[PDB]
Each structure stands twice: as structure tokens, then as C-alpha cells.
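Chains as they are written, first to last, in the deposited numbering: chain X, 1 to 184; chain L, 11 to 179, 216 to 251; chain R, 511 to 697; chain G, 28 to 175; chain H, 932 to 1110; chain A, 5 to 121; chain Z, 467 to 663, 687 to 838. To start, the structure under review is shown below, and the notes come after it.
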Amino acid sequence: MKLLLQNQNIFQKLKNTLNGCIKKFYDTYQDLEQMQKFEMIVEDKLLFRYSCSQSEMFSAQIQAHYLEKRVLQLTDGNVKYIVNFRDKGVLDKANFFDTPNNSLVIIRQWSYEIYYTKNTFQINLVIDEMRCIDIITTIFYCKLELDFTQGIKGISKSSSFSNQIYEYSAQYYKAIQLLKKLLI
Amino acid sequence: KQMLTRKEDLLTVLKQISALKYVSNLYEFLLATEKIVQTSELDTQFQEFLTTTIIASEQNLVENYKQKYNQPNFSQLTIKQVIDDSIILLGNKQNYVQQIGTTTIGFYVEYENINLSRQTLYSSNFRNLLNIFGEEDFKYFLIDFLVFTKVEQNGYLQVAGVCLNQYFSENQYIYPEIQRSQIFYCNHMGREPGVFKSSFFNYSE
Amino acid sequence: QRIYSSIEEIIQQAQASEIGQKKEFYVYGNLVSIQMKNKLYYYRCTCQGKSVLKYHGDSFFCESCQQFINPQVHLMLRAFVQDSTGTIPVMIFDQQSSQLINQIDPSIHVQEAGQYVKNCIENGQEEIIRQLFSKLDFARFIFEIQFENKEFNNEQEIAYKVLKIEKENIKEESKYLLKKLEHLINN
Amino acid sequence: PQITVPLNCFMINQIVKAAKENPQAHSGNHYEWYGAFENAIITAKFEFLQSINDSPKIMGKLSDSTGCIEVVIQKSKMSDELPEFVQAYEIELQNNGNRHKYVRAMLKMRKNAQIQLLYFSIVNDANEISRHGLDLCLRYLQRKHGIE
Amino acid sequence: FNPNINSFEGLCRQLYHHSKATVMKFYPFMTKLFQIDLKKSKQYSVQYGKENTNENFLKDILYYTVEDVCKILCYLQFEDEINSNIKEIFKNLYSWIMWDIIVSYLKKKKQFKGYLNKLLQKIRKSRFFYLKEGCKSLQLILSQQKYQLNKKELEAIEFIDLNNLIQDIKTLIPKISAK
Amino acid sequence: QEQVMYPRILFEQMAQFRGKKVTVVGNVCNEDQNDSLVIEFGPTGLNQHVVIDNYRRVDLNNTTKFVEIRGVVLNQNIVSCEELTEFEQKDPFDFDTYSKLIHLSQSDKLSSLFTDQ
Amino acid sequence: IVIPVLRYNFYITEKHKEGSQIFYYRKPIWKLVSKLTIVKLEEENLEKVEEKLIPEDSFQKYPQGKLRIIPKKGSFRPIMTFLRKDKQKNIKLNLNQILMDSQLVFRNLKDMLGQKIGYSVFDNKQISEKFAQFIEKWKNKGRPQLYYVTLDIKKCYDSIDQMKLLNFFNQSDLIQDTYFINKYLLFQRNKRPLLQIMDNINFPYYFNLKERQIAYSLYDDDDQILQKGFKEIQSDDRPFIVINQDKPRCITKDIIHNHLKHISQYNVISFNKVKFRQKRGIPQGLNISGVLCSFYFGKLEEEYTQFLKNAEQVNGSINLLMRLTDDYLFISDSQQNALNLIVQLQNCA
DNA sequence: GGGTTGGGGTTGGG
Ligand SMILES: [Zn+2]
């Protein structure tokens, strides 16, 4: 079971989708009108939304969820992820067998979300469609993890212990630098 | 005389097996057990599922599952809880459909492998079936019967009961075998004709 | 004197352990849920035959000794040990498995256990074996458990094996619980 | 985070009373005592209770130094017999001249349902009482400190 | 053997040639079988006597295999809506073809020259008689007006009447044995 | 359908209680041989003997070695016998661990679980 | 005595078109034949190789193959096998056992390979249904005269461009990124009629048990394999029963790409303790070779057979084209169409 | 101290 999820290579899909989002934002905001750049720089609002393509779907096991903050935890093998979901409608669409916890699910589609906050940019991952397939009551002890709800601090954490995490953190930092260079 | 036919029915085929004594669809079994009545109304999809579902058992157990007036049928547990109770009751037996991809630890059951058939088990049709049946009778129906549900024009998927593959299973001397296959495809060549230097013919001296 | 650790402590140490690390522990727990789906026993020679050449008609011939040997059956069992805290899967070898078999049924001799199990299985008497295994459920003991962080087929894994199994006695277990709780209260 | 926790009759009583008095909890059968649980371990004397017109369910009684609880014993349906662990208690009771004894029982409870007792073993040593008490206190302390 | 591809004559010719190939293919098997006398084996002697154990065993095998093959061939050729009398007549015709091929091939072999040939000739004669009787009875069956024939049934009736299966088989043999 | 609260107390505090519906546990006495059942506290190195008048010494099973009584003490060393079960014990019963258990139970921090309030 | 003598003093094998008949040859004659065959193969497709060039990763990851030669009239017929597994370097499987996952994926591809992007056939059922459709169209036309042409490719496997195959694999959208493997047991009715009611009647008397594997994608596909777990084709209305299993597997397109690149570039075989390496094409004998060859040649034939797509309505001419592996068969009504097909095939070649 | 699932059987196309 662990091998099946490890063969998914979620990092490849994440890197490709991040590159696509960065390129699309770069080409779509080449106007470089100074007053427009100033006025879209506002606190706590989304600026762009890039939906992932059909090729990059993966499956993970739900370990925990939080309805008040719409925070959902995913894991596979060594790595566990903390992401957000659109709303309760995503949960209702996924015909959960008994409970969201300890259920194997497949992500039909998700979208990268970019936000400006505290004079910097944070990238959020939002799950849009969910589908449960079978219940897996097997606790996977993930030594390593990355957080999408804390930004660069939540991603660069524990980077030294995983080469893939290091590369993804470097890509994230480069994307942040390019975004801030273009907008400001 | 007996002729082969291009069209056949699963129930008709099953009735030709001597080992199985009771073969019927779910709807008629429920009517015989009086769990439901003809005057009662159900959804068309649920009725079709009941009609198409085929069950069988090695013995006639209609009386055992006869409706009891001692206590009515109301459900408060989850379908997963009922299935777990049935699996725990199964105990050490290790050839049943419902145990595929799962293991039992004491009074706790653990799922660790992917089973595509669990969707039918946990479907709303089976939920309504459990609502009609009751926990104590469902836990034993999942064991005493072989459950087959139609999912195609002619295909059926077994979801409960003993696995069908179990039905497809003082010594005497056996002489050795001549190793004739060793002759073929030998590309080795030696300076002096004879046999290989590794043979006991050449090893002695 | 001995020091006793809990299942959760063993689990945490095994997870934190690096590949190739071993450690032993002593735990108060109960055996439960012996598994029999896989093959229950294997064959080895008296001279520790690493390779046993399979033939037909119950013929055997070791390679580490090079004589016509009567096959020797070694019993292999999988079950789960669990305290009040947590549960883990364990490997039970020939000696311990025979010890439990003779304990639950004194009729069968110690090394006779593997042959008895093999005879029952081959003759087709599995109900007796199943009932005997079921009678061992929730059997309290004192367990010596060793974990190994090893890699199999280029895949990291952790394997738990039981080394010693002893008859349980409540007095020192209660004493250990008392001192642990007193320490917790003091802290 | 553990489904099995040890506690006695008084703890059962207070948990059931609190759950019934304050039912504004999650829509799940799990109880709430420093977490969710389904299994319990208790050591107390057991005695049969004679029910009326109730064949499938057998009513039990566990009196202890803190209180008394009622549990239900289930039996097989295809044939009418008793579980082996309770036949052992019955034969011991008939052998020892109808004398009750303490037992080490593991039982499962769910809200809006009866308390089912799955297995127990007769205990003949008095030190098991102290063992159970210390284990209960230690586990309660562990749960309280793990909640925080 | 798809009926959507070949006609009745084509199917008959295909079966004829395939059977002629298969009998020569299978001949070494009974040649090897005759190297062992089954009278020394109780398992076969108790079932087939002790005088002609090999002959009885071979006859039983051939008979049952031919019957199964004919049933499968009829199932493949026709649908369930076709008349049982038509199905039986075609099965008898196929059985007669197979048995005639086998008898013609084996009538010259020395090992089979004696006891077995009479039994095979009896089987072939029985098949011919049954086919003729079924063909004769089918006319009376259809004359009752109780059945309405479809296009395939009409085609089969026309084929049978054209080949004059009522009397004998000499008409169809040149058409099916042509190479 | 009813609740009776049966605290466990060592030798020293029946005098302070001066009569409550309680429970006590101890080993059976046979060196004295009174008409009624007499049990002792501790490892018998120190003399702490109490007698129950309701229950006769011999009517118990001969294999019985250890007992406990749930009932109200009437007077010092005299305790009423209402509920009585037997334990045959092949292993001497530790008393100090039971003592510390009773003390902890009497401690306010764990008293909430053992008794109400 | 007997077997060692025959093994040492003779090479024993079978010819090409002689079936299972056995033949014997003296050892020096076979040595001469081996030398001549090596000389023939070196000039065309095999080259002597050194272990320095091949990367150590693939060297320790993949086992090598063995070469066998069958006599032929005036020539030979090489056969390479991949049964061996390397005891060293922790190898427990052979090439086929390693690649059977990709074999399942390409077997799934074979289904849409039948009719979408070329004229490829794989079984007598497909051949028969195509023939039946053409026969029905011929009947509708009114039984006009017919003409046929037959031709075949020589050494199709060795004439496969590795770069072109890799490009087709990369740019082909019929292969999804990720797939899941499901195992299940299938019970199917046999060819035995139902008995009408000596007492011992069981399931094996009426059903045959088969083990099946399947690979499915995570898309919301029409066949909705996620709901059932099987994909079976039935030629009759008789029922069948399926039970699933609990051994799933995952395969990624990148793994298939790596396997294809390795087998195309670093294919190493041995002969008389002398290592060789292919220079062009894919090795025959691998479980994926037939499907890969069919796809590769289907690309070119669909490239060069544009006119056939519109011919049947441009002038209403009935024409039938099938290709089984490297063998072509074409029956039409227009001699002009046949000549055009021959010319286009020659141009494509 | 253990460990895919090893076979059985051999026809007709490529
Ligand atoms: Zn040896």
C-alpha cells in the first residue's frame, strides 16, 4: 500500500503545476501598469487562481480534518501534507463510507491560490473535488512533512532531511521572488 | 435431448447444483421471511436491486430467519459497525469474501488493502437492506448466505459468503524421471571427445 | 533487576531508530489473534541445513550434511501482542510456538508440536487447530520483544520478534505500576 | 486516541449520566471522556440475572466497590448454546457450590445502546484488584496529561 | 464456423476437411495407446471387461467426444429460436459425417481390422438411420401448421430438400468432398 | 437499578469511621478458631484481627484462603457480613501495595473518580 | 551415461519449418555454423560491446539475455531469450517479470489500437467480424468482382526507429500519466450442456476459473472500472461471476518511458560468453514487442493511407484492409485503389 | 530464525 502511494510521485505534479501557474501569471500580467499594480496590492485577498490540469491527480489517505478552519491533512508513505478545501460541499460530494478519517481518496482536481499578506506573498492549495474509494485504517508515521497553510516558513521546514522537499522549497522561494519582483 | 443455449440465467444454473439446497433471489427470500409485504411500497431502484440480487445457502434456513414479534426492527449502529461485528463473529475462518483486504485483531478489525467490492457493501442499497433486516439477523445473513449482485447485462459480483474458489480444489511410490531435456542446446566443445571434465568418469583419476 | 517498557515506548523508539538498529524490551501483555492464512511451518535439517532440496513422494536430502535425512518441521506463527496502551504484530518462532502449544495442551510434547500440527493439516483436521489457537486468545504473559529496522526488497521496514515468553505474575507488575504512578504524581 | 480504557462501575455511571444529561455532542456513537473510546476493562464480581421472555439477550450484573452495571450477553443464532467463556463460568459455579467470583471482563459500550460484554476470565488472586486500581489511576493520569 | 460467413454447404465442407485432418492428427495417440494392455489394470478392467478392454475404451472415448463436438457445433451454428427438429437433424448429419470419415480412415489399419470396425460401422449405420428418420418425421411435424418458419428455417428446409436427405447422402458427398 | 457505595479501608480507620457501610478484605484466621469467622490484616507479623458474627467459620469451602467483606462495621473488630465471596490463593497476598492504593484513592486528586465529589 | 554423452558430443535441435522433429549435428559443424552466423549478424544488427560503455545503474538493474540459433533453408533464424536472472546485484526477476506491468498497460492500449489510429487486428474474432461486415457490404453492393493483394514486411522488429518510437510514446495521448492495477478471479460457463433432473454436481462441472489482471486510469471513464473492477467481453448471454482481490499496484508513464529507453538503447545479450548489443529496432521475444511493433507501423500506415478514409463515400467503392503484425492483406473492388495502395506503401517504406 | 508463484503442458497463427 505504501509502495502504491510512493509510486505516485506527487512532487513531480506539484512542481509542474507550480511552474505552469508561475508562467501563466507572468504572461497574463505583463501590462506592468504602475497604478494597477499598486491597487491590486491589498491585504488579505486572492489575486490569481490556477486550476490543475487533468493529468495531475493523486491519491492519499486522510489522517485528520478541521471544519472550523477548513484544514485537511493528507499523507502517503513518508510525507504528509496539510492543505485546505473549498467548503463543506467538497466533503458532501465525496461519498464517504463511514468518516473522512482513515479513508483513501482520490483528488479529482485542485487549484493553487496566491495571496498577499504581511508585505509578502503566500501560496495556498485548495482541494476542489474529492472522491472516496476504500477505508484504510492503517496509521502511517510520516517523519517528514510540508505545510501549505504557513507559506515559506511552513514549506522550508524540515527541508534538510529530504532532497525532494529541498528542491520544492527552492522552487517555491524562486516563485515568491519572481512574484514580488514583478508586482513590486 | 439436452442442448446448449446462448441465453442462461444465474438462478437456473445455480438450481442445478446439488450442494446448494436453497437458491432464490433476495426479494422472494424477504417475502418468505415476512420481513416485508407486497402491500408495502419501496423505491423502484431498491426493488430492482432486491429482484436482481441472488442469494444461496447450503441448507434451508427460512425458519431460522422468520420474523419475530418479540422485538421490532430499528437501526442505530453504522453499516461499518455491523460489518465489523460480522467479521469479528467470523473469527478464525479465513475464506470469506468480506475478509478480503482486512485483518482481525481481537475485537478490532483493520483495513489495510484496497478492495473494489467494498463500494457495493457500503452502498445505500445495502444500508436500506440493513435497515429492513436488523443488526442481529444481518450479521448472520452475511455469513450463512452467498450474495451475488448483478452489475452488468450478465455479470455478477459476489460480495459475501464463502469464496467460490474453495469449491475448485497413505502414499504410493513414484518412480524417478528421465532427464531427457538436458540433451538439447549444448554449445560446449572440448579438445578430446568423451564427457565433461566435471563428470565422475573423469574426476576419479 | 529488569526494566519494563510500554508498547508506545517501543513503537516510538522503533520509528526513531535508524536502519540496522536492534533493541530488546520486556513487556506485560497478552497474546491475541494468531494468524494461520500463510504456511504454518517450514522444513530444516538437523545440521542447520540452509537449503532443503524438495523432491516428490516426501523425499528429502540436506546439502549442509549430505545424507538422507528425515525432514524436521519448524513451526512458524504470526500473532499480535498488546498491552493496555497499544498493539503490534510479532513473529513467533519454533521454540516459543511449541512452548505455547504444550502449555495450552500438555498432551503434545514440546518438539512434537510441529509434527502434530503438520499431521492435522495434512489429514484435514483444521477445526481442532483453529479451536486450539482460539483457546490461546487473551493469554497474559511477559514478553521479550526485539525490533529490527531492516530493508527488504529495497524497502525499509520494521520487524518485531518475541524472544522469551514467561508465565505472568501480578505482584511485580503491580509494584512497577505503583512506582511509575508515584513518580508521575511526584513530578 | 486509544479506543480501550480501564474504568469501573462509578465511572461508567457518571459517563452515561453525563452523556444522557448533555447530549449536545458529535453525531456519533462514541463516548467522550478525555477522548473517544469504545472498549473498557473492569474487574468485578459477576452474577446472572434472570430476565423474562428475553431469550436472545442474557442480562448480567457487575457489582463492585463503587457500584453496579448491567450488561447484555449475546449467543449464537443458528444454534442455541452459550459462549465458551460463560459456559466455563457456569460449570465453575455449579462445581464450587454456587459461589460467585470476581472476573476480569472486557466490554464494549455505545451510546443509545446497551453495554455488550464480549469476554471475561475468572480471577482467583486478590492482587489483581490492586493491579486494576493502579492501572486505572495511571491510565487516567496519562489521558489527562495527553489531553493537554 | 460463423453462419454469417459461410452457407450450409460451406460449413459442411469446412467440417469435412477439418475432421479429415484431425483424424490423421490423432492416429498416433491410439497407436501409442495400443502399446499398453488395460486388462492388467483393475481400474479399467472392472469397467470394460478383460477381452476387448482397449476396443471398448476407444469406442467410448470416440463416441462421447463426437457427441460433444456435434452439440457444440449445433450450438455455434444455430440460435435458440430455431426448431429442435432442425437442430437434431443437423446434429445427426454432422455426426454421420464425422463417423463416416473416421470409419473410412480406420477401415484399412491392421490393429483395428477386426472387432472395432464392426462397432464403428454399427455406430455409423445408426447415425444414418437416425438422420433419415428425423428428416422423414420433420415433414409430418411441419405439415401440422402449428409452427411458423422464419427465413433461416426456410433456408434450412430448402437446403435439406435440395440435397434429398430423405433417401441417402450420395448427392451431398461430391459437393462437400471437392478439393 | 440501585447504587451502594462500598469504600475500601485499612485497619486504622474503622475507629475513625465509627460505622459506615464499607468493604474490607483480608486473610482468614485459623489459629484462634472462634465460633464465628475471624480475619486478619497485614502479613501477620503484627496482630490485627477482626471477627464477623453473621458468617460461620466452617460453612466456606475448605480450599478458600482469602476473602473480602462488604458491610458496615458494628463495633471495633466486629464487622457485619452481608456480601462474601471467596478466593483460593496459591500466592501470598501483598499488603503494602494495597495500602498505597487505598491511600492514593483517599487522596483528593484521585478521590473524584473513586467516589462522588 | 547416455544424456552426458549426447550433450557433450552433439548439438541437438530442431529446424525452422520441420515442426517438433528432432535433428542431430556434430559439434565442429555447429562451431562453424556459429562462426558464420556471428559474421552474418555483426554486419547487420549486432555489435561487440564492452561493459565500460553501459551505465552501472542499468547494468545492475536489468538482467541480460541469451541467443539461440535455429537452422533454416539457406540461412538461420536467431532467437533471444530472457529467462535468466542475476543472482548477484540483488536481482530476483527476469525481464518479462519486470516488464509485465508495462505489458498490461500496452494490452489496455491494444483495445483502442484496434480501430482508432490504423488497421490492426489481433485475434480471429476481430478478423471474423471485419470479414462479416465486408461480406454484408459486398452483398449490399450486389456481388461484383473482387481483387486482392498480399504483401508483408521483412524483419519488422529490427526496422523500428528507436527515436521515432520514443517520440510516438511521448506524444501519444492514449497513454495516461498514472494507472492502477487490480487483480480478480473470473468464473465463466464452459461448453457443457445443463443436466436435467448423478448426485455429485459441483461448480467445476459447469464453470472454469481464470485469474485476471487489469490496469485502469483515474479518469471518470465511461467504463467506470472503479465501480466494478473488471472489463470482460462476452459473445453470449450466459452469466459469469467475478470476485476481486486485495493486491493492487501502481504504474507511472515515466517508468514505462525509462523501460522503453533502456530496452531500446542498452539491450545486451550474450552468446558463447561473448556479449553483444542491438543497434536498431526492439528485441523480439519481449512481451511488449508485438504491441509496440503494431503501434509503430500503425502510425506510418495511417500517415500514408489518407485516401482510404474517404474513398468509400467519394466514389462508393468497397475495400477491406487488415494488417496482422507485419503481414498485410487488402481486398477491394477497384484495381485503381489496389494500385494506389501499393504505390503508397512503397513510398512509405 | 521467514520471505511474488512455481509450475504443467506443449496446439495454431504471428
Ligand atoms: Zn543436513
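Cβ coordinates follow ideal geometry from the N, Cα and C atoms, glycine included.
Going by DSSP, what residue range makes up the beta strand (DSSP E) through residue i?
i	result
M1029 (chain H)	Counting along the chain, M1029 (chain H) falls outside any beta strand (DSSP E), though it belongs to the alpha helix (DSSP H) covering 1015-1037.
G531 (chain Z)	531-538
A94 (chain X)	Per DSSP, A94 (chain X) belongs to no beta strand (DSSP E) and is neither H nor E.
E658 (chain R)	649-662
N84 (chain X)	79-85
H584 (chain R)	582-585
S34 (chain L)	32-35
By DSSP, does residue i sit in helix, in strand, or in coil?
i	result
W110 (chain X)	strand
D128 (chain X)	strand
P544 (chain Z)	strand
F158 (chain L)	strand
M86 (chain G)	strand
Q637 (chain Z)	helix
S250 (chain L)	coil
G154 (chain X)	helix
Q592 (chain R)	strand
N139 (chain G)	coil
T68 (chain A)	coil
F15 (chain A)	coil
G539 (chain R)	strand
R1058 (chain H)	helix
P599 (chain R)	strand
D523 (chain Z)	helix
Below 6 Å CB to CB, which residues in the same chain sit around residue i once its five sequence neighbours on both sides are set aside?
i	result
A170 (chain L)	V107, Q108, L152, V157
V731 (chain Z)	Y650, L652, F719
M18 (chain A)	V77
residue 186 (chain X)	Look at the range of chain X in this structure, 1 to 184, and you will see that residue 186 (chain X) is not part of it.
At 7 Å on the CB atoms, spell out the chain A contacts of residue i, in chain order.
i	result
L694 (chain R)	Going along chain A, no residue has its Cβ under 7 Å from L694 (chain R), so there is no contact; the nearest lies around 11 Å.
Within a Cβ cutoff of 7 Å, which residues of the same chain sit near residue i, ignoring the five residues on either side of it in sequence?
i	result
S51 (chain X)	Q109, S111
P110 (chain G)	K102
Starting from residue i, find everything on chain Z with Cβ-Cβ shorter than 8 Å and list it in chain order.
i	result
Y177 (chain L)	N691, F692, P693
Determine the extent of the alpha helix (DSSP H) in which residue i is found, giving its start and end residues.
i	result
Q169 (chain G)	154-174
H949 (chain H)	939-964
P33 (chain G)	First-last for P33 (chain G): 31-33, but that is the beta strand (DSSP E), not the alpha helix (DSSP H).
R766 (chain Z)	Run containing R766 (chain Z): none in the alpha helix (DSSP H); it sits in the beta strand (DSSP E), 763-767.
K90 (chain L)	89-100
Looking at residue i and ligand 3, is the gap between the Cβ and the nearest heavy atom below 7 Å?
i	result
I579 (chain R)	With respect to ligand 3, the structure offers nothing, as its ligand set consists of ligand 1.
Could you name the residues of the same chain whose beta carbon sits closer than 8 Å to that of residue i, not counting the 5 residues immediately before and after it, in chain order?
i	result
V571 (chain Z)	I641, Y645, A704, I740, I745
Please list the partners that residue i has in chain H, where partner means a Cβ-to-Cβ separation under 8 Å.
i	result
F600 (chain Z)	Residues of chain H passing the Cβ test: none, with the nearest at roughly 10 Å.
Given that residue i touches chain Z, what residues does it touch there, using C-beta distances under 9 Å?
i	result
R237 (chain L)	Neighbours of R237 (chain L) on chain Z: none; closest Cβ ~11 Å, over 9 Å.
Decide yes or no for the touch test of the segment 551-569 of chain Z against the segment 522-537 of chain Z: beta carbon pairs closer than 8 Å, at least 3 of them. yes
Answer yes if the segment 132-141 of chain X comes into contact with the segment 114-121 of chain X, meaning at least three C-beta pairs across the two stretches below 8 Å, and no otherwise. no
Please confirm if the segment 666-680 of chain R is in contact with the segment 546-558 of chain R, defined as three or more CB-CB distances below 8 Å between the two stretches. no
Looking at C-beta atoms only, is the number of pairs between the segment 14-33 of chain L and the segment 720-729 of chain Z that lie closer than 8 Å three or more? yes
When you compare the segment 626-637 of chain Z with the segment 776-784 of chain Z, are there three or more beta-carbon pairs, one atom per stretch, that lie closer than 8 Å? yes
Counting Cβ pairs closer than 8 Å, one from the segment 48-68 of chain G and one from the segment 84-92 of chain G, do we hit at least three? no
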